[PDB]
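Student: Contents of data.cif (mmCIF, C-alpha atoms and all ligand atoms) are below:
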data_final
loop_
_atom_site.group_PDB
_atom_site.id
_atom_site.type_symbol
_atom_site.label_atom_id
_atom_site.label_comp_id
_atom_site.auth_asym_id
_atom_site.auth_seq_id
_atom_site.Cartn_x
_atom_site.Cartn_y
_atom_site.Cartn_z
ATOM 1 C CA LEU C 31 0.496 -5.641 18.036
ATOM 2 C CA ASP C 32 3.776 -3.745 17.724
ATOM 3 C CA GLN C 33 5.752 -6.933 18.398
ATOM 4 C CA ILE C 34 3.668 -9.188 16.137
ATOM 5 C CA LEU C 35 3.967 -6.883 13.122
ATOM 6 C CA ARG C 36 7.718 -6.536 13.642
ATOM 7 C CA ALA C 37 8.145 -10.241 12.922
ATOM 8 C CA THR C 38 5.603 -10.163 10.095
ATOM 9 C CA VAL C 39 7.113 -7.176 8.297
ATOM 10 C CA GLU C 40 10.429 -9.039 8.302
ATOM 11 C CA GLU C 41 8.905 -12.212 6.875
ATOM 12 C CA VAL C 42 7.385 -10.424 3.872
ATOM 13 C CA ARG C 43 10.560 -8.574 2.906
ATOM 14 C CA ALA C 44 12.475 -11.856 3.047
ATOM 15 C CA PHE C 45 9.994 -13.359 0.594
ATOM 16 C CA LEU C 46 9.406 -10.320 -1.610
ATOM 17 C CA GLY C 47 13.112 -9.574 -1.168
ATOM 18 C CA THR C 48 12.142 -5.905 -1.450
ATOM 19 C CA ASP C 49 14.564 -3.401 0.076
ATOM 20 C CA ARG C 50 11.815 -1.810 2.189
ATOM 21 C CA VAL C 51 8.307 -2.865 3.199
ATOM 22 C CA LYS C 52 6.351 -1.606 6.203
ATOM 23 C CA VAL C 53 2.889 -1.585 7.760
ATOM 24 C CA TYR C 54 0.899 1.649 7.889
ATOM 25 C CA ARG C 55 -2.054 2.143 10.234
ATOM 26 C CA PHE C 56 -4.599 4.967 10.344
ATOM 27 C CA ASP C 57 -5.960 7.043 13.231
ATOM 28 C CA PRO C 58 -9.510 8.499 12.938
ATOM 29 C CA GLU C 59 -7.954 11.847 13.851
ATOM 30 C CA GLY C 60 -6.004 11.756 10.576
ATOM 31 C CA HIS C 61 -2.597 10.806 11.992
ATOM 32 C CA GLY C 62 -0.871 7.626 10.798
ATOM 33 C CA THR C 63 2.016 5.670 12.321
ATOM 34 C CA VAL C 64 4.502 3.077 11.081
ATOM 35 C CA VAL C 65 4.649 0.439 13.820
ATOM 36 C CA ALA C 66 6.708 -2.018 11.774
ATOM 37 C CA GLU C 67 9.475 -1.771 9.196
ATOM 38 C CA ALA C 68 11.923 -4.020 7.359
ATOM 39 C CA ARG C 69 14.922 -2.417 5.661
ATOM 40 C CA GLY C 70 17.261 -3.721 2.966
ATOM 41 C CA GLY C 71 20.675 -3.400 4.601
ATOM 42 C CA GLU C 72 20.678 0.395 4.705
ATOM 43 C CA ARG C 73 20.229 1.781 1.194
ATOM 44 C CA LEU C 74 17.056 3.635 2.127
ATOM 45 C CA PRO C 75 16.683 5.234 5.604
ATOM 46 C CA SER C 76 14.453 3.992 8.424
ATOM 47 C CA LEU C 77 11.048 5.670 8.753
ATOM 48 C CA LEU C 78 9.881 3.719 11.800
ATOM 49 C CA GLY C 79 8.667 5.801 14.742
ATOM 50 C CA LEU C 80 7.595 8.581 12.386
ATOM 51 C CA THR C 81 3.952 9.662 12.236
ATOM 52 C CA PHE C 82 2.615 10.083 8.700
ATOM 53 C CA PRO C 83 -0.810 11.733 8.110
ATOM 54 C CA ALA C 84 -3.517 10.184 5.936
ATOM 55 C CA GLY C 85 -3.194 13.212 3.657
ATOM 56 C CA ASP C 86 -0.684 11.018 1.828
ATOM 57 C CA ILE C 87 -3.696 9.342 0.222
ATOM 58 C CA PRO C 88 -6.773 11.091 -1.282
ATOM 59 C CA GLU C 89 -9.845 8.962 -2.010
ATOM 60 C CA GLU C 90 -10.589 8.066 -5.635
ATOM 61 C CA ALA C 91 -7.331 6.092 -5.735
ATOM 62 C CA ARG C 92 -8.390 4.065 -2.693
ATOM 63 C CA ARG C 93 -11.694 3.242 -4.389
ATOM 64 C CA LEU C 94 -10.151 1.017 -7.057
ATOM 65 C CA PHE C 95 -8.185 -0.751 -4.322
ATOM 66 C CA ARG C 96 -11.464 -1.334 -2.517
ATOM 67 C CA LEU C 97 -12.991 -2.216 -5.888
ATOM 68 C CA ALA C 98 -10.447 -4.291 -7.856
ATOM 69 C CA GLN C 99 -7.961 -5.296 -5.146
ATOM 70 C CA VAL C 100 -4.887 -5.564 -7.386
ATOM 71 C CA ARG C 101 -2.827 -2.935 -5.655
ATOM 72 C CA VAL C 102 0.212 -2.097 -7.792
ATOM 73 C CA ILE C 103 2.187 1.079 -8.504
ATOM 74 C CA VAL C 104 4.055 1.194 -11.824
ATOM 75 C CA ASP C 105 7.558 2.479 -12.590
ATOM 76 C CA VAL C 106 7.704 6.188 -11.784
ATOM 77 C CA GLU C 107 9.865 6.372 -14.912
ATOM 78 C CA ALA C 108 7.262 5.001 -17.333
ATOM 79 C CA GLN C 109 5.382 8.159 -16.370
ATOM 80 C CA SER C 110 1.869 6.720 -16.151
ATOM 81 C CA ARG C 111 -0.595 9.223 -14.722
ATOM 82 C CA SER C 112 -3.913 9.075 -12.907
ATOM 83 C CA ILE C 113 -6.256 12.058 -12.679
ATOM 84 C CA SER C 114 -9.618 13.296 -11.414
ATOM 85 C CA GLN C 115 -12.597 14.230 -13.597
ATOM 86 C CA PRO C 116 -15.954 16.092 -13.399
ATOM 87 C CA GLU C 117 -18.688 14.677 -11.172
ATOM 88 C CA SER C 118 -19.389 11.019 -11.921
ATOM 89 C CA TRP C 119 -21.454 8.099 -10.634
ATOM 90 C CA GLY C 120 -22.035 4.373 -11.114
ATOM 91 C CA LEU C 121 -18.717 3.476 -9.491
ATOM 92 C CA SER C 122 -20.466 1.702 -6.621
ATOM 93 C CA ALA C 123 -22.029 -0.530 -9.273
ATOM 94 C CA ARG C 124 -18.854 -2.608 -9.012
ATOM 95 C CA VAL C 125 -18.282 -3.249 -12.719
ATOM 96 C CA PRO C 126 -15.877 -6.171 -13.340
ATOM 97 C CA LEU C 127 -12.445 -4.800 -14.224
ATOM 98 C CA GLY C 128 -13.273 -1.987 -16.647
ATOM 99 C CA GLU C 129 -9.789 -0.502 -16.243
ATOM 100 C CA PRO C 130 -6.144 -1.294 -17.163
ATOM 101 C CA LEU C 131 -4.192 -3.831 -15.112
ATOM 102 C CA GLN C 132 -2.382 -0.928 -13.446
ATOM 103 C CA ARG C 133 -3.135 2.090 -11.255
ATOM 104 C CA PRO C 134 -1.137 5.087 -12.590
ATOM 105 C CA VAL C 135 -0.097 7.603 -9.930
ATOM 106 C CA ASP C 136 -0.594 11.331 -10.496
ATOM 107 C CA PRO C 137 2.696 13.288 -10.838
ATOM 108 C CA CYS C 138 2.279 14.652 -7.312
ATOM 109 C CA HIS C 139 2.820 11.029 -6.346
ATOM 110 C CA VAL C 140 5.592 10.497 -8.897
ATOM 111 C CA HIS C 141 7.874 12.881 -7.010
ATOM 112 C CA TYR C 142 6.688 11.529 -3.667
ATOM 113 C CA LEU C 143 8.164 8.143 -4.557
ATOM 114 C CA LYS C 144 11.112 9.516 -6.519
ATOM 115 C CA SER C 145 11.885 11.934 -3.696
ATOM 116 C CA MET C 146 12.390 8.759 -1.690
ATOM 117 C CA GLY C 147 14.542 7.546 -4.577
ATOM 118 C CA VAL C 148 12.230 4.580 -5.185
ATOM 119 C CA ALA C 149 11.501 3.674 -8.811
ATOM 120 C CA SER C 150 8.737 1.156 -8.081
ATOM 121 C CA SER C 151 6.368 0.063 -5.314
ATOM 122 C CA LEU C 152 4.059 -2.822 -4.402
ATOM 123 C CA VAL C 153 1.007 -2.393 -2.181
ATOM 124 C CA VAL C 154 -1.521 -4.614 -0.427
ATOM 125 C CA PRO C 155 -4.123 -2.886 1.811
ATOM 126 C CA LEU C 156 -4.747 -4.440 5.222
ATOM 127 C CA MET C 157 -8.505 -4.767 5.637
ATOM 128 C CA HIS C 158 -10.743 -6.650 8.037
ATOM 129 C CA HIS C 159 -14.113 -7.519 6.542
ATOM 130 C CA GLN C 160 -15.482 -4.233 5.178
ATOM 131 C CA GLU C 161 -12.987 -2.063 7.056
ATOM 132 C CA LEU C 162 -9.482 -0.809 6.276
ATOM 133 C CA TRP C 163 -7.159 -0.680 9.287
ATOM 134 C CA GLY C 164 -3.891 0.088 7.500
ATOM 135 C CA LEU C 165 -1.893 0.043 4.272
ATOM 136 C CA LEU C 166 0.877 -2.284 3.102
ATOM 137 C CA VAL C 167 3.596 -0.817 0.885
ATOM 138 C CA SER C 168 6.903 -2.053 -0.523
ATOM 139 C CA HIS C 169 9.704 0.067 -1.975
ATOM 140 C CA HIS C 170 12.857 -0.764 -3.917
ATOM 141 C CA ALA C 171 15.328 1.002 -6.209
ATOM 142 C CA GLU C 172 14.282 -0.593 -9.515
ATOM 143 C CA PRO C 173 11.614 -0.173 -12.238
ATOM 144 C CA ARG C 174 10.736 -3.848 -12.683
ATOM 145 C CA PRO C 175 7.426 -5.514 -13.685
ATOM 146 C CA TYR C 176 5.597 -7.734 -11.191
ATOM 147 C CA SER C 177 3.969 -11.120 -11.781
ATOM 148 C CA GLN C 178 0.316 -11.760 -10.934
ATOM 149 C CA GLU C 179 0.970 -15.366 -9.902
ATOM 150 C CA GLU C 180 3.589 -14.572 -7.256
ATOM 151 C CA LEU C 181 1.571 -11.517 -6.233
ATOM 152 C CA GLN C 182 -1.376 -13.658 -5.135
ATOM 153 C CA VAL C 183 0.661 -15.927 -2.858
ATOM 154 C CA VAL C 184 1.743 -12.814 -0.979
ATOM 155 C CA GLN C 185 -1.676 -11.231 -1.399
ATOM 156 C CA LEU C 186 -2.733 -14.103 0.818
ATOM 157 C CA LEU C 187 0.253 -13.604 3.102
ATOM 158 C CA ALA C 188 -1.254 -10.187 3.775
ATOM 159 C CA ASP C 189 -4.637 -11.769 4.447
ATOM 160 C CA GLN C 190 -3.104 -13.624 7.377
ATOM 161 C CA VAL C 191 -2.041 -10.320 8.887
ATOM 162 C CA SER C 192 -5.572 -9.055 8.286
ATOM 163 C CA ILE C 193 -6.426 -11.697 10.874
ATOM 164 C CA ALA C 194 -3.672 -10.581 13.239
ATOM 165 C CA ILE C 195 -4.518 -6.881 13.048
ATOM 166 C CA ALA C 196 -8.155 -7.821 13.572
ATOM 167 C CA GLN C 197 -7.598 -10.485 16.223
ATOM 168 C CA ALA C 198 -5.331 -7.957 17.937
ATOM 169 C CA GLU C 199 -7.980 -5.228 18.058
ATOM 170 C CA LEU C 200 -10.130 -7.404 20.323
ATOM 171 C CA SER C 201 -7.408 -8.488 22.750
ATOM 172 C CA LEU C 202 -6.116 -4.916 22.828
HETATM 173 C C1 LIG C 301 -0.884 14.448 -4.651
HETATM 174 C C2 LIG C 301 -1.566 15.694 -5.236
HETATM 175 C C3 LIG C 301 -1.833 13.466 -3.893
HETATM 176 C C4 LIG C 301 -1.199 12.092 -3.717
HETATM 177 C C5 LIG C 301 -1.313 11.128 -4.723
HETATM 178 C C6 LIG C 301 -1.431 9.753 -4.490
HETATM 179 N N1 LIG C 301 -0.688 8.917 -3.763
HETATM 180 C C7 LIG C 301 -1.357 7.792 -3.565
HETATM 181 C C8 LIG C 301 -1.383 6.907 -2.489
HETATM 182 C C9 LIG C 301 -0.246 6.498 -1.790
HETATM 183 N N2 LIG C 301 0.412 7.088 -0.794
HETATM 184 C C10 LIG C 301 1.351 6.290 -0.310
HETATM 185 C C11 LIG C 301 1.824 6.308 1.009
HETATM 186 C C12 LIG C 301 2.978 5.859 1.674
HETATM 187 N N3 LIG C 301 4.275 6.029 1.464
HETATM 188 C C13 LIG C 301 4.914 5.851 2.631
HETATM 189 O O1 LIG C 301 6.104 6.072 2.827
HETATM 190 C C14 LIG C 301 4.020 5.379 3.589
HETATM 191 C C15 LIG C 301 4.273 5.232 5.089
HETATM 192 C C16 LIG C 301 3.323 6.087 5.925
HETATM 193 C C17 LIG C 301 2.885 5.105 2.837
HETATM 194 C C18 LIG C 301 1.774 4.117 3.274
HETATM 195 C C19 LIG C 301 1.669 5.473 -1.393
HETATM 196 C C20 LIG C 301 3.007 4.882 -1.840
HETATM 197 C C21 LIG C 301 0.468 5.297 -2.068
HETATM 198 C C22 LIG C 301 0.030 4.063 -2.900
HETATM 199 C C23 LIG C 301 -1.093 3.252 -2.232
HETATM 200 C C24 LIG C 301 -2.477 3.609 -2.775
HETATM 201 O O2 LIG C 301 -2.678 3.408 -3.992
HETATM 202 O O3 LIG C 301 -3.308 4.077 -1.965
HETATM 203 C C25 LIG C 301 -2.133 7.628 -4.700
HETATM 204 C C26 LIG C 301 -2.552 6.323 -5.410
HETATM 205 C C27 LIG C 301 -1.933 6.172 -6.806
HETATM 206 C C28 LIG C 301 -2.978 6.109 -7.932
HETATM 207 O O4 LIG C 301 -3.287 7.192 -8.485
HETATM 208 O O5 LIG C 301 -3.447 4.994 -8.223
HETATM 209 C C29 LIG C 301 -2.445 8.940 -5.071
HETATM 210 C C30 LIG C 301 -3.651 9.363 -5.938
HETATM 211 N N4 LIG C 301 -0.594 12.070 -2.502
HETATM 212 C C31 LIG C 301 -1.176 12.976 -1.667
HETATM 213 O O6 LIG C 301 -0.942 13.095 -0.471
HETATM 214 C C32 LIG C 301 -2.177 13.824 -2.442
HETATM 215 C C33 LIG C 301 -3.612 13.483 -2.045
#
Using structure tokens, write down the structure that the file contains.
Tutor:
Amino acid sequence: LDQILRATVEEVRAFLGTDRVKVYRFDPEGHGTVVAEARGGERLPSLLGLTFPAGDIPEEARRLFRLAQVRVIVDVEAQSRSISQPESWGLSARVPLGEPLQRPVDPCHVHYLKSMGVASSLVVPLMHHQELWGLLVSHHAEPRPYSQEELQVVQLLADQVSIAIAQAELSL
């Protein structure tokens, strides 16, 4: 798996031309590891070999990803913010869209990205069937808008991997 994702992570970056994109897996114990990583020359540092905990992600945010599969983080400069609210229900209903074409990230996240000096970020969760095995994330030093058309082509490119991460689970 480690080897296969090393070649895949490189292929995406070359296409998305993003300075940094890597694969993130999740361990039931809460620990997460980056087993693959493509870097743009050397503007941003290498995070490979470093274990990141799931704490990085809460829950509600993941819901929309599991609900609307668009997966996009807007310019940390535009200052768009997401937030929690009193008890609520009917989310499982799976209502078509029903929300903006973006997923604002709470300030706590704003710094998280900015602290890394990244103005924008593209994501594409790696899931097999009904399960999520990891998280795809791209980072670059620029607050630029993304196109839905080009996004899909890659969205599919990630689907392929979904097969590799899955097909790999059996062999391994
Ligand atoms: C702050 C109080 C809370 C928080 C907010 C928050 N962040 C996310 C989710 C993400 N976390 C990542 C993780 C990564 N960056 C890396 O370097 C790595 C390698 C291990 C990863 C995979 C990022 C960039 C995301 C975006 C993906 C996603 O949407 O799940 C969000 C989502 C934004 C939104 O509101 O739509 C939230 C809510 N971070 C915390 O740890 C607190 C729970």
Student: Starting from 4 Å padding per side, set up an axis-aligned box that covers all listed atoms of segment 36-53 of chain C and hand over centre and edge lengths in Å, one decimal, as JSON.
Tutor:
{"center_x": 8.7, "center_y": -7.5, "center_z": 6.0, "size_x": 19.7, "size_y": 19.8, "size_z": 23.3}
Student: Which residue is closest to residue 39 of chain C? Choose from C:58, C:75, C:70, C:128 and count only C-alpha atoms.
Tutor: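 Of all the options, C:70 lies closest to residue 39 of chain C.
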Student: Using all atoms listed in the file, which protein or nucleic acid residues come within 10 Å of residue 90 of chain C? Drop anything in the same chain fewer than 4 positions from it, and give the result as a list in words.
Tutor: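 Contacts, with the query itself left out: residues 94, 95, 96, 112, 113 and 114 of chain C.
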Student: Can you work out which residues are within 7 Å of ligand LIG 301 (chain C), considering all atoms listed in the file, and then hand them over as a VMD selection string?
Tutor: chain C and resid 54 62 to 64 82 85 to 88 91 to 92 95 101 103 112 133 to 136 138 to 139 143 151 153 165 to 167
Student: As a check of understanding, name the residues that the PyMOL selection byres (((chain C and resi 158-163) around 8) and not hetatm) selects in the supplied structure, as a list in words.
Tutor: residues 55, 56, 155, 156, 157, 164, 165, 192, 193, 195 and 196 of chain C
Student: Excluding same-chain residues fewer than 5 positions from segment 144-148 of chain C, what lies within 12 Å of it counting all atoms listed in the file, as a list in words?
Tutor: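 So, after excluding close chain neighbours, the residues are residues 48, 49, 50, 51, 73, 74, 75, 76, 77, 103, 104, 105, 106, 107, 109, 135, 137, 138, 139, 167, 168, 169, 170, 171, 172, 173 and 174 of chain C.
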Student: Distance atom CA of residue 116 of chain C-atom CA of residue 154 of chain C, one decimal place?
Tutor: 28.4 Å
Student: Any idea what the distance is between atom CA of residue 52 of chain C and atom CA of residue 68 of chain C?
Tutor: 6.2 Å
Student: Rank nothing, just name the residue among C:93, C:36, C:141, C:111 nearest to residue 65 of chain C, using all atoms listed in the file.
Tutor: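 Checking each of C:93, C:36, C:141, C:111 against residue 65 of chain C, counting all atoms listed in the file, the winner is C:36.
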Student: Smallest atom-to-atom distance to residue 45 of chain C: which of C:183, C:84, C:121, C:131, using all atoms listed in the file?
Tutor: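 Counting all atoms listed in the file, the residue closest to residue 45 of chain C is C:183.
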Student: When you count only C-alpha atoms, which of these residues is closest to residue 185 of chain C: C:100, C:200, C:78, C:149?
Tutor: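 Checking each of C:100, C:200, C:78, C:149 against residue 185 of chain C, counting only C-alpha atoms, the winner is C:100.
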Student: Please compute the atom CA of residue 142 of chain C-atom CA of residue 61 of chain C distance, one decimal, in Å.
Tutor: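 Spanning atom CA of residue 142 of chain C to atom CA of residue 61 of chain C is a straight-line distance of 18.2 Å.
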Student: Which residue, C:42, C:31, C:123, C:66, has the smallest gap to residue 188 of chain C when you use all atoms listed in the file?
Tutor: C:42
